[PDB]
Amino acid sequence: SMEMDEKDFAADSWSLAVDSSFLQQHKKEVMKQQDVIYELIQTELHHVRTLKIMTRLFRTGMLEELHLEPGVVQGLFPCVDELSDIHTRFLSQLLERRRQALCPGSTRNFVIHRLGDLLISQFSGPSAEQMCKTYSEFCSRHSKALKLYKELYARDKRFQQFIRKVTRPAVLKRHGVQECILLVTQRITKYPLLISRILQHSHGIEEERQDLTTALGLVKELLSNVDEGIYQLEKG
């Protein structure tokens, strides 16, 4: 991650990230909305970080330090490049929408009035199909990925060394290989919770309510299709 974005999302909430002279000028209902929107963006930043740990630290390091066949590595990290592209793009639109909304003279005071449209975009059309297929693929390969990790760990002492090396920093305490795989699989099921709690504080403007309602339907439909498309692959 990049220091600028990590700094902007370091606080436990919107209400603590902005200056309090700015907070006081807003209604409670606005603050509660913004808090959840901030949480959506913060957890999306964390999700992209996870995928970058997977592509750059784990996968590339395996290719460039060990010299495992690319087929084994592809079994451990299926589809990560494509997931990385999906989520990095979604993140850049979220962060762009926050930046457009900053007060002149401020790098931290903002209010996002329109999120619905951007969520509708992400979760419909070509972008929604790419998510359905990539998550159907990844979630079907999830179990195989864990077994392959454990096989390699138990058998190859150099593999163990590599893992113990790259996961030694405190900041990777929660981000071992298996953790990463589950963090990703669980991401998609977070979106309806976040979106509903946003929607519950977004009644003030009727168009936003309708946009968020549409987004929620679209997410649940994507989750529904991904769930029908899954069958665990096996090996040994």
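Quick note: we count residues from 1 along the sequence shown, nothing fancier. Note that the rigid core is defined as the largest set of C-alphas that superpose within 1.5 Å between two forms.
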Checklist entry - Do the Cα atoms of 179-187 stray more than those of 63-71 in 9 other deposited structures of this protein, or is it the other way round, with the core held fixed? => result 63-71
Item to check | Per the entry, higher mean C-alpha B factor between 158-166 and 103-111 | outcome: 158-166
Checklist entry - Mean C-alpha B factor from the entry: is it higher for 34-42 or for 203-211? => result 203-211
Item to check | Which of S196, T185, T60, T50 ranks first by CA B-factor in the deposited coordinates | outcome: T60
Checklist entry - Once the chain's modelled residues are ordered by C-alpha B factor and cut into thirds, is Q24 in the lowest, middle or highest one? => result highest
Item to check | Chain third (lowest, middle, highest) by recorded CA B-factor, residue given as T134 | outcome: middle
Item to check | B-factor third for the C-alpha atom of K173 within its chain | outcome: middle
Next on the checklist: What third of the chain does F77 rank in for C-alpha temperature factor, lowest, middle or highest?
Outcome noted: middle
Checklist entry - Ranked by Cα temperature factor within the chain, is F90 in the lowest third, the middle third or the highest third? => result lowest
